[PDB]
């Protein structure tokens, strides 16, 4: 059907008519008529197409999409075949390997598996100019993504959130630490993986917390 999944549109609809958003889309479109922008128009909101807002249990949040051609497709750190898993997804794979013994490198970079399971693969800023990192930062995405988190926070229980990287962690000060389990760590990029990511064991810690709260855990190899 369309760009936004039913539940998501329904619950984020209140944002559409807000000036910050109007102008924002205005900005992005302009951008497009003058520069290559990722992810392409139809893919900016893939994260809403993967599962109903009502049954999202975990929220992995990154900063901006891959400013490289063929990478950014709507789900954070994910690349659709026949594109290979970029550094960030390789580092994520290294951890998963050690963290979850049942897990083995799946041979591709599509994260739709987790997504369909109830993992919101969000990103703070949803679009980026070709070959130019941080270009669409502070244009309105943050407030929109703030809106996403905000809602999820107010209307859910036991959401396990994974805030990877400083910019991502900024959102943490809007999550009720009592009802929701929050885990932080360095962004998986080569440039920042050694500062904590490697060894965090978020994935396992996640199934733990989720099982504890009486909810089916995640099958991290099912992707």
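Residue numbers count along the first chain shown, from 1.
Between 25-33 and 179-187, the higher mean Cα B-factor belongs to 179-187.
Stretches compared: 90-98, 133-141. Higher mean C-alpha B-factor in the entry: 90-98. When all modelled residues of the chain are sorted by CA temperature factor, residue 75 is found within the lowest third. Placement of the Cα temperature factor of residue 47 within the chain: lowest third of the modelled residues, per the deposited record. The entry lists a Cα temperature factor for residue 82 that places it in the highest third of the chain's modelled residues. Per the PDB record, residue ranking by Cα B-factor puts residue 69 in the highest third of the chain. When all modelled residues of the chain are sorted by CA temperature factor, residue 104 is found within the highest third.
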